[PDB]
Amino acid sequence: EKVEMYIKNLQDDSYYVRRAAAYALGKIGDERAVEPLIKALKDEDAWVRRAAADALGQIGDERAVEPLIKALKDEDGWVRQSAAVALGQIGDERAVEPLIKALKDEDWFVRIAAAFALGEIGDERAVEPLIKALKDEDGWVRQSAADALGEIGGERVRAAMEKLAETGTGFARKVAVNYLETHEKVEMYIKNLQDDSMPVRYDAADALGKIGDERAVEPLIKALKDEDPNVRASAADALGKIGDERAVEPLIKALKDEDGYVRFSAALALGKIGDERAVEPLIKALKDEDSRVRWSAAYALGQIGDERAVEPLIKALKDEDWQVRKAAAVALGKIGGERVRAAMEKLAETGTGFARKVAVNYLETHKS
């Protein structure tokens, strides 16, 4: 109930209250706030745009990727660096080519952020752009590319490190020679899913979801019954990114978890997969104790687009939580069947307040 005022305050006229909202959503915000924070990326105030990219990477939702890639072309350097780090935290391979361009940004601190991000994504296409970045005019940028090639650490880098230590000059030689003096991936994290340490398990589910290989589906389904609820919800989000329809039934069981964030993550993942078998469980999830879970129920029903949720969403237009109603109005707009039209004209004349307000709105938009 702290989140929603920050979400409303993101569109406030004053630039200072926008900053305080984006600032606090970077600390508190969850998946409910990326659609408003994606709009905040278009702000007038560079401080707002910066803190927004800061928050979208901290939330780690894959829908911020195409926005943050255009934020890489922002006029403020400190905004481009916040989008670089944010895309590094999301780990989406679509940022690799534009981050390779940011590896040659006019500002030194953006090149550092671009090198870091490509290191955290671990895509091998950055290996030679990072190798040539070892000759950058700025030593701190050279140092960041050395660390970025270390995080990737394929044999493509051992190849380039050997060629560099045999042939290179200056810092690039110092890096490669030390590389030799001190020294596939999806299979390591699957085994890490069964680790005794909780952060290792969590990191494993975080990693397998960004990688997106469907071999990690069955192991992540088993992680849905993990002892810790952070691993449970992480494997749920990972299964949603993977999109494999094998996790549909075990995710529906996750809709009945003790932890509300696990149910919240299970609902969003079932909307990503889009299987209609989620419609019935998600509909009864609109009546959940947790206002977040009620929100993820409506949003997922909007992603699926099944007309069986029309009237449950009309019901949801009178939720106590503000953005649960906001999500329900969005969901009826996505579905938009002939049933939705008939339901909202009844609501236009018989409704009250917010439900009436959005019923009139829907009829206004869908006219031509």
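One-based numbering along the sequence shown.
- Where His183 is followed by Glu184 in the displayed chain, the model omits 10 or more of the deposited residues that sit between the two.
- Relative to one another, 235-243 and 184-192 have unequal mean CA B-factors, and 184-192 is the one with the higher figure.
- In the deposited coordinates, the residue among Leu317, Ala64, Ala46, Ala52 with the greatest CA B-factor is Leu317.
- Split the chain's modelled residues into thirds by C-alpha temperature factor. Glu31 is in the lowest one.
- When the modelled residues of the chain are ordered by their C-alpha B factor, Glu258 lands in the middle third.
- For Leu208, the recorded CA B-factor ranks within the middle third of the chain. Only modelled residues enter the ranking.
- Residue-level temperature factors show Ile152 in the middle third of its chain, judged at the C-alpha atom.
- In the deposited entry, the Cα temperature factor of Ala327 sits in the middle third of values across the chain's modelled residues.
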